[PDB]
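Take a look at the structure set out below.
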There are 2 protein chains.
Amino acid sequence: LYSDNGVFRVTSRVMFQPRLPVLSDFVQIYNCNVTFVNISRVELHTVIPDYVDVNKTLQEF
Amino acid sequence: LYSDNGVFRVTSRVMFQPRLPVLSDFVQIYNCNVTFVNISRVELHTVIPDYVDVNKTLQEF
Ligand SMILES: *[C@@H]1O[C@H](CO)[C@@H](O[C@@H]2O[C@H](CO)[C@@H](O[C@@H]3O[C@H](CO)[C@@H](O)[C@H](O)[C@@H]3O)[C@H](O)[C@H]2NC(C)=O)[C@H](O)[C@H]1NC(C)=O
Ligand SMILES: *[C@@H]1O[C@H](CO)[C@@H](O[C@@H]2O[C@H](CO)[C@@H](O[C@@H]3O[C@H](CO)[C@@H](O)[C@H](O)[C@@H]3O)[C@H](O)[C@H]2NC(C)=O)[C@H](O)[C@H]1NC(C)=O
Ligand SMILES: *[C@@H]1O[C@H](CO)[C@@H](O)[C@H](O)[C@H]1NC(C)=O
Ligand SMILES: *[C@@H]1O[C@H](CO)[C@@H](O)[C@H](O)[C@H]1NC(C)=O
């Protein structure tokens, strides 16, 4: 996972083939080592396209 | 997939590294051999966190 100046993309480690990140690539490993990317839940969709928080949207809608 | 007395977790088979189950680990293989876990669709979220049934929630909301 890397950063092309405000745009996050995912590529391999052997060849350079960029694409966009999707939800099926992430797991959940509780408690957050320090050297991660600080981001709140509201702006998470700017990292992962095609991720809609059902909870907060049904709070709104 | 195992059970720590009402809490379901997923670990490897070589080392013991527990975490929570997510949606990207399951496939759909129709007709249900006998020795599974009997559970209805309403309480499925107690097995899989971050699984919202869109259909029944839009029936409600
Ligand atoms: C994401 O945000 C968190 C919190 O806003 C950052 O965690 C904290 O970061 C500081 C420095 O990056 C860690 O060092 C501390 O610095 C102070 C001096 O201001 C010093 O007095 C402390 O003894 C300590 O050395 C701090 O430990 C850390 N907080 C915790 C609870 O570990 C985090 O660094 C941010 N992410 C990135 C990539 O910067
Ligand atoms: C999940 O629930 C289903 C249905 O509620 C269970 O399926 C049925 O389980 C019984 C015993 O576990 C199976 O054996 C049957 O027992 C009766 C005696 O009560 C006997 O007369 C029958 O000939 C048969 O041996 C039954 O076959 C099975 N139903 C079907 C359609 O196969 C299931 O066992 C439950 N899951 C677990 C893990 O227990
Ligand atoms: C999920 O969403 C519903 C309604 O949007 C809300 O009542 C519930 O508290 C939310 N749960 C979490 C863990 O965000
Ligand atoms: C999916 O949800 C919609 C509205 O919530 C409903 O009309 C439809 O029957 C549902 N389909 C299934 C297969 O549950």
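Start at 1 and count along the chain as shown; that gives each residue its number.
From the backbone N, Cα and C atoms, a Cβ is placed for every residue, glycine too.
Quick look at what Swiss-Prot annotates:
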type: CARBOHYD; residues: B:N33; note: N-linked glycosylation site
type: CARBOHYD; residues: B:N38; note: N-linked glycosylation site
type: CARBOHYD; residues: B:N55; note: N-linked glycosylation site
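The two recorded residues B:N55 (N-linked glycosylation site) and B:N38 (N-linked glycosylation site) have their Cα atoms spaced 21 Å from each other. Cβ contacts within 10 Å of B:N33 (N-linked glycosylation site), excluding its own Cβ and spanning all protein chains shown: 6.
Screening the glycosylation sites B:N33, B:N38, B:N55 for a C-beta under 6 A from any atom of ligand 1 leaves none.
Less than 8 angstroms from the CB of B:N38 (N-linked glycosylation site) sits no same-chain residue that is six or more residues away.
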